[PDB]
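> here we go, the starting part of the complex in its complex frame:
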Amino acid sequence: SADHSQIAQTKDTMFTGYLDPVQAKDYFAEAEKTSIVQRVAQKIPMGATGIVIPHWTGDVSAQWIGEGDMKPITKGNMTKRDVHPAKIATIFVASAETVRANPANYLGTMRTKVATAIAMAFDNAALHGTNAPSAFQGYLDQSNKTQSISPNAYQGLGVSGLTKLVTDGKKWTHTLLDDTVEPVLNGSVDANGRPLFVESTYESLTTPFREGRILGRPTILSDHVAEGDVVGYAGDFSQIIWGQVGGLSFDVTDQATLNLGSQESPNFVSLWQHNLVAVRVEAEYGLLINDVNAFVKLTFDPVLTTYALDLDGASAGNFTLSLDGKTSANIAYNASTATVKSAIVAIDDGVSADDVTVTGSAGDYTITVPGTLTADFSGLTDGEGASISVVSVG
Amino acid sequence: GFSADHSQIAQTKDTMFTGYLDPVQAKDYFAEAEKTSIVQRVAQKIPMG
């Protein structure tokens, strides 16, 4: 057939050693990566229809009154938000006699490998957002908060990091850490050089690295949480919900036709005429994070943060930037790149003209800054639909 | 009456109650019955291959 093709398995190079005294399974392969978000977010029942989440909102109230003062009138209020599933899928192909032989158990092994890849794709879509389908609402890296943990974790998590949550009125309930964090917990020392997170004579593994709690909150460990320059998270993991409409749903054919090319330029091959078997796999996840601001990103040493500022349609009035809660003077939607830089460094604390950076044209600014950045657009008299987001580490 | 979502009164038409009080799905009371062949009713059937 189309022998040794990149797209099908055909007694390619891999099976040169087969059906002889080959040394069992090998002694060196690592175990399959478990999903992570699927063990920390609550699973919510999801139909193929998607779901509606209701929410109360009305600021209903009562007033103190004197005798004979006529009593006031009030109204409650409610609102709703929709959530939809999204599909993830793959196909793999092998010669029918390769399926009969099943060399190195490949057609069995492949079903485990695709399951891992599909699990990993969900966690990447939830944590860093790398390829997330448009139906997924929010991802953890989209948070406007960050903290360093380098000199010792205790000050980093229990004091500084928690301050950046409770100042926003958002609580801390779990923390999620990558294996690469172990040296900075082992290196977390008092002034005498005794470790904080392990006891005398040092036989035991360091407390959070046994999934022990830190300051009451459970620790969740992982081998693959880290990306870019972020090594973990702390926050209210009750703010995340996920679902799955159905299972991984393996299906198989000896008889269909596949396009090995693209929709734009096809390259059809019949599975029947070339005598190939193909397996079809799909899963139908869904996700909602109620508020991405409820999480502190953890960083292995100090970083800058960078934001995209969007004034699309802004046509009258002024907007207000704020750094760690300290408001700038107001800015016009038409203002220059250097005007925005001069305004943010005019906040009364810690900022400087040599550390802060601003780039891009009027109304489309990008801001790079040593802190949490927030914006009030309510001074725009016309052209609502303005927004702000994080976009990378600085 | 009062505004479409009045500030002091709750009403069935208020935006606040969208996704509740939806109209019930009925059967089609005006289902026109399917036509069927007259030729196959008048003409003599014979076997075929």
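Noted; the coordinates are in hand. Numbers count the residues shown, from 1 in each chain, chains lettered A, B, ... in the order given.

> C-alpha only now, for contacts and for neighbours.
OK.

> quick check: closest non-adjacent residue to residue A:160.
residue A:147 (7.5 Å; Cα to Cα, 6 or more residues apart in numbering or on different chains).

> so how far is chain B from the one you found?
40 Å (Cα to the nearest Cα, to the nearest Å).

> which elements pack onto the helix or strand that contains that residue?
If you go by DSSP states H and E, residue A:147 is part of strand A:146-148. When contacts are defined as 3 or more Cα pairs under 8 Å, 6 or more residues apart in numbering or on different chains; DSSP states H and E, strand A:146-148 packs onto strand A:295-299.

> just checking: what are the partner strands of the strand it packs on?
Strands that pair with strand A:295-299, judged by DSSP bridges, come out as strand A:146-148 (parallel), strand A:230-235 (antiparallel).

> contacting residues around the longest one?
Where contact means Cα atoms under 8 Å, 6 or more residues apart in numbering or on different chains, the residues beyond strand A:230-235 that reach it are A:157, A:165, A:171-178, A:180-181, A:225-226, A:294-300.

> does residue A:299 really touch residue A:226, like I thought?
No - Residue A:299 is beyond contact range of residue A:226, at 9.6 Å (criterion: Cα atoms under 8 Å).

> residues near residue 42, how many?
In the absence of a named chain, chain A is used. 15 (other Cα atoms under 10 Å in any protein chain shown).

> I was after chain B.
Quick note: residue B:42 (other Cα under 10 Å) scores 8 neighbours.

> next, give phi and psi for it.
phi -90, psi -40 (degrees, to the nearest 10).

> can you check residue A:125 too?
phi -70, psi -30.

> so residue A:317 touches residue A:381, yeah?
Yes - between residue A:317 and residue A:381 there is a contact at 4.8 Å, judged by Cα under 8 Å.

> the two: which is more packed in?
residue A:317 (17 against 13).

> wasn't the more buried one part of a strand?
Yes - assessed with DSSP: H, G, I helix; E, B strand; the rest coil, residue A:317 lies in a strand.

> excluding chain neighbours, what is closest to it?
Nearest one to residue A:317, counting by Cα to Cα, 6+ apart, is residue A:380 at 4.3 Å.

> OK, contacts around that neighbour?
By Cα under 8 Å, 6+ apart, the neighbours of residue A:380 are A:314-319.

> slot chain C in:
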Amino acid sequence: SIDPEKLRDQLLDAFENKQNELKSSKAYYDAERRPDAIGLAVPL
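Now chain C, sitting on the chains shown earlier:
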């Protein structure tokens, strides 16, 4: 109900076509000139 003069003609046409199968079985139990039996080497 069903029209019995329709059933008469309808079943009579069902029967009369069916007989053609039966002639192909009669032609083995008593020896008619089956077309497939003719020995091809014999001259015409």
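
> please reconsider the contacts of residue A:380 now that chain C is part of the model.
A:314-319.

> if we use 10 Å, what do you get?
A:311, A:314-320, A:331-333, A:386 (Cα atoms under 10 Å, 6 or more residues apart in numbering or on different chains).

> and it, how far is that from chain B?
25 Å.

> pull out the buried residues from the contacts of residue A:380.
By neighbour count, with 16 or more other Cα atoms under 10 Å in any protein chain shown, the contacts of residue A:380 hold A:311, A:314, A:317-320, A:331-333, A:386 as buried.

> okay, and residue A:108 sits in which element?
Per DSSP H and E: helix A:106-127 holds residue A:108.

> for that helix, packing partners?
strand A:88-95, helix A:96-101, strand A:276-283, strand A:285-289 (3 or more Cα pairs under 10 Å, 6 or more residues apart in numbering or on different chains; DSSP states H and E).

> so for it, what gets flagged as buried?
A:106-107, A:114-116, A:118-127.

> tell me the one of those residues nearest residue A:26?
Ranked by distance to residue A:26 (Cα to Cα), those are led by residue A:106 at 14.3 Å.

> wait, what's in contact with the closest one?
A:9, A:15, A:94, A:98-99, A:112-113 are the contacts of residue A:106 under Cα under 10 Å, 6+ apart.

> if you set the cut-off to 8 Å instead, what comes out?
Counting by Cα under 8 Å, 6+ apart, residue A:106 has no contacts.

> from chain B, how far off is it?
Counting by Cα to the nearest Cα, the gap from residue A:106 to chain B is 49 Å.

> what do you get for residue A:126?
From residue A:126 to chain B the distance is 28 Å (Cα to the nearest Cα).

> make sure that residue is actually in contact with residue A:132.
Yes - taking contacts as Cα under 8 Å, residue A:126 lies within contact range of residue A:132: 7.5 Å.

> quick check: residues of the stretch 1-150 of chain A near chain B?
Taking Cα under 8 Å from any Cα of the partner chain as the criterion, the stretch 1-150 of chain A approaches chain B at residues A:73-75, A:77-79.

> give me phi/psi at the residue nearest to the spatial centre of chain C?
Against the mean C-alpha coordinate of chain C, by Cα atoms, centre = their mean, the closest residue is residue C:20 at 1.9 Å. Backbone torsions for residue C:20, taken as degrees, to the nearest 10, come to phi -60, psi -30.
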